[PDB]
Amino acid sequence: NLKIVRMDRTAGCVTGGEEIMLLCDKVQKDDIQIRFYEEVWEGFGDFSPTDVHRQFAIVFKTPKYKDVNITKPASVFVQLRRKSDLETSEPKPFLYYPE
């Protein structure tokens, strides 16, 4: 089902709050989340249902990473996840960089 077709940024500042545009196959705006994770730390993209564009894109802000004092980049994953039954997309790599 779920798929991240493209993201306009695959890296971001460890403090979060940076806007990313993600293109996806069809989602339900009230039953979708963006999960960043590291094998388990997790953080979620910050957006509401109105930031989902006609079920095929999402504009959101990055979560803060677990350690804002990293000295070198921290490799994580990002997936779509349906809130209702926790079905997921295949993950995309994402790099957090030191502030």
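One rule holds for the numbers: they count along the sequence shown, beginning at 1.
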Gap between residue 39 and residue 40, counted in deposited residues with no coordinates, falls in the class 4 to 9
On mean Cα temperature factor in this entry, is 68 to 76 or 55 to 63 the higher one?
68 to 76
Residue 26 - which third its CA temperature factor falls in, relative to the rest of the chain:
highest
Taking the values exactly as deposited, rank residue 88 by C-alpha B-factor within its chain and report the matching third: lowest, middle or highest.
middle
Please say which third, lowest, middle or highest, residue 13 falls into when its CA temperature factor is compared across its chain.
middle
